[PDB]
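Right, one structure below, let's go through it.
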There are 2 protein chains.
Amino acid sequence: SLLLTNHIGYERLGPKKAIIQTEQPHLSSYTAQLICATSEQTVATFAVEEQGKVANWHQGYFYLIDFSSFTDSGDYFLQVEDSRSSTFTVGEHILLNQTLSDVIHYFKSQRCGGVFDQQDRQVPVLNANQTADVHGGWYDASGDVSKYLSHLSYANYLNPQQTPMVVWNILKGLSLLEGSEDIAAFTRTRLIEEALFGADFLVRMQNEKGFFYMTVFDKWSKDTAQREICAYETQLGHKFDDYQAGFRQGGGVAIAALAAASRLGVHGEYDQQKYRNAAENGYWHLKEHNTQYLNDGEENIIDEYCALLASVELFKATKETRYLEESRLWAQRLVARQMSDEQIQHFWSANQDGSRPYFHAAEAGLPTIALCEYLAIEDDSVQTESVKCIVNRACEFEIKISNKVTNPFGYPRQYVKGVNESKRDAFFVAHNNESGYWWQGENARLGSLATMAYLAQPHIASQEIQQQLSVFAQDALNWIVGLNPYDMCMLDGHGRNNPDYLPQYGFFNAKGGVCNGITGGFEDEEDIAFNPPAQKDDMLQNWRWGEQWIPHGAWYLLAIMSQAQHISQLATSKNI
Amino acid sequence: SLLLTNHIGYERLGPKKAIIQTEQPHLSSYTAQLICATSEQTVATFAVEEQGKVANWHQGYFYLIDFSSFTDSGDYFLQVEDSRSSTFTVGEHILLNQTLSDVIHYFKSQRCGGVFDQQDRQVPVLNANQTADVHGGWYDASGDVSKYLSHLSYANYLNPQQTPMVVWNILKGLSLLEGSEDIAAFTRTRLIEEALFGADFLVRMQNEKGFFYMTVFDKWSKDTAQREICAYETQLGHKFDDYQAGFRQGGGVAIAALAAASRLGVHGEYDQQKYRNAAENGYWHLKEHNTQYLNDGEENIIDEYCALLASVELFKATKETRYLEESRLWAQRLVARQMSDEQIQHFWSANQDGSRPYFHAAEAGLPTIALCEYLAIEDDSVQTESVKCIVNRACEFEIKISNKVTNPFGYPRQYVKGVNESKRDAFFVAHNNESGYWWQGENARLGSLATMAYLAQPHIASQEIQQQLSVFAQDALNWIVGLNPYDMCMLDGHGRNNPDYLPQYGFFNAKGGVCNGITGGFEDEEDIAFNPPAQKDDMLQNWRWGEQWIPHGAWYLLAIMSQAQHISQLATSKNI
């Protein structure tokens, strides 16, 4: 019997949930006591609600305790009969205060250096008989010194935004807490530094033709001789020469990141003008050439939300009306990806007809964030309204697909499809997809969905739906930092049961970093897995759960800065 | 009632100690059970030995449990009647396996960057009407972005080896575990990278005249406008233009570090030849000019052990017999600092006559390490012997001064003297010294003493004294990672009760870093303190305990690599 909570803590004025997990079909007590950890006095009591089994999860029965109504600061634990939770804090900006600084140090620790960075001033561009200086940036994973704008391009619908997403997220977070006392001056300095570090690397990843390079890849060998600018395919990592980044292949966010970087009062190795020019050129190049870079030739949802971000940020920096038009273009095109069908109302589709739904292990909350970026730069009241409620429909879709089955954790559910299978709602991404191998923990996805939920809130009409989003987001954050079937905080250096990756080969997870996380089960996708016994030692498989990967950290970092902004915003409204 | 242990763990074949701390003058049970944490079965039982009060420490009564004889791997906790310890691991290379990687990431996270590093390519050299490019290196502390070879030069006997010590320690550790499978290949790569990063900075800190600059100082303002190459005095930080580093003022270790760096198969921004030349020139410059740079004019013990390191490393790299002569010179001069008196036999003296003993909050184990560096490069049997037993006498002095009063923790004790006070043995450094303000936690000192104890072991005759040193060293490591009156692991990100510095102003302690630590009490030096109530919020005082500082981490890192080498060495001897 486990009494699962957020290992770190809860917002004083926010949703507070705990889950009893046990094999008992019923309990002998249905009162929980919240006990002050210092004095050991019971400060409040709460009902325990039966939830039952979840899908085909092997952990047993789940019981909800809702302590949201408790609003006193301090350190506490929960207790029912058999079981006791670990000690959590209740207070303002708790995940911000406790965890942001360690995530920054995480990024700084993961910066490219030494024999890798030196080689990266002289990297072979595959089948081009030349060399590029692409030093800087971060290593991608705890087991990968390669540097990515994206990958999995050959699968078409899987493209994760990587290095530029890190840069965008920090800049976005910076702008959300700009002028607030939520973070300190030196924290701002440090975040600016980390953003500019990646910004300079994006500059270097741009060819003179205008396109950005997709990957600096080493075939996971850590051998500097094997570092080549390329694209790659399958799990075996066959290198090919289609290294030009499409909008969906890192290209779009690269533009957005550089554009956002250009608005700052200070700069990196390159100046604001250089960031701006690299952005503009990258954009119009892709306007011209995008479809030649995309493996299937067809632009999808990913192309559209990335391009939206690009064009929005470009408008903010240049103030040129043609970028507002580009934004209008990309918005309306993205809006058209929202479709209904037999099973679901108002989902996101990957392709044109809805035959393949959008589900993304890294950035599933990006469609709505991109649309909300547009709605902030759009000027007249009447133009916005067709998007304003497509936002509302998307938000409500997340909530409803997550309420469609038994879901005590509030794990954000999704509409998935395998190759040669029919569409289904699920907790986790489909294992049999267009990659032929690729699926992993979804901590970045959850960070993006939490971010989405916080950032869509000004554009939501109903106060009812707003507070459902506050629950939705907290649920996603709770999962990442311990409130999950595995009682595992996935942020390294905080809470407990931190997973390592492969320490026996010197691939250690780094303090402040977030690993992949929990998946659908390996044999049964309705089951749940984290290093399951049969795959745990299989080195071809064990990267899916325990390995860190920069999107996770970046998305978590944006999520907590988004959260902090939303919390500040509520307390601001309360005074007037 | 607390049952204090090492928060992380113990070597399977090593000293295993626990301490009950309570206000009870006697117990009701004097058997401890060691209980397997997984099964909760008692695996062995042990006697509890009364130790009593310690000095004037306010924590009460201490009881020893010695479980050294238990030699089975796994996770365990201790229990006696009232109290239960937290869960620790027993196994091979435990502090190495668990903590090294996080300390490296600590150093990488603390590298100079952004607005500070950019300014550091154009730093004002005080009263010199010019500018230096001294970019690179690490920030000194969690509340200080300044970069130091040393400081406190005006006090003469207090000079800590800082940035070059970091570089030396990593290189030393690298060489200790070279050819062993104790660390992984990628860990070696990462350590080499971190060493070379500081090596390049040392090159840049050398003037064309030959001397190294002492400090890049900002008056603790974090304002880049105030960054000036200088030296400084008092707590108020008055900047003066005596920035040339004497042997004792960072100069000597800088030479040693660069010399050691020059032996590596790979290099940083500068090559092996450039490291070597910078070392040679720095040395002979100080041979010529040292006494003009030292505030009092007189060379002391610190000058001699630093110079010894310099000349030894120079001999190893160049193979020139004149450096063996310099080593012989510095050795014999250092040996002469070992003096007896009324109170103590065979202490280390700071000045010539013994009127001021050597006690160092940062590097007290350096005299013996330096001598042991000499004994490894010296060729004929007869030359070494006068030093060989001066080593033995120094080791035995540490042990005996630490046994002179009640000392359950095995905290390394020292011979101290205040200004206008007579000499005394103590646990902690004297508060009223030649600085007029400066004293702090001694975690680096303990790391160096542990290192000393491990590295002096081949040069110790008696097997009896060797195993006392194994106890001595482990005692020092145990203190740093939780076995202390405060139940506080001082390595951030590990064990529990990690202290922060000043998070409300954005001065956060970083994962993988070691803070200052525990001191003598503020009003009573026979008492003990860590953020005591009266000074805790005093911002002029609270830096002494909770602030991180790079020597601590570097010395801890060398200590655990030294430990790992010693452990490997024992298991190697057992087969033959």
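Excluded from the calculations below are hydrogen atoms, water molecules and symmetry mates; all remaining heavy atoms, backbone and side chain alike, are included. Lettering follows sequence order; numbering is per chain, from 1.
- Within the 4.5 angstrom heavy-atom criterion, no atom of A/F107 approaches chain B.
- Contacts of B/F507 classified as ring pair (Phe, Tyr, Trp, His ring centres under 6.0 Å), with partners at least two apart in sequence or in another chain: A/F186.
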Interface of chain A and chain B, donor-acceptor atom pairs under 3.5 Å:
{"unit_1": "A/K108", "atom_1": "NZ", "unit_2": "B/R111", "atom_2": "O", "d": "2.9"}
{"unit_1": "A/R111", "atom_1": "O", "unit_2": "B/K108", "atom_2": "NZ", "d": "2.9"}

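- Comparing A/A184, A/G113, A/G493 by how many heavy-atom pairs each has under 4.5 Å with chain B, the most go to A/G113.
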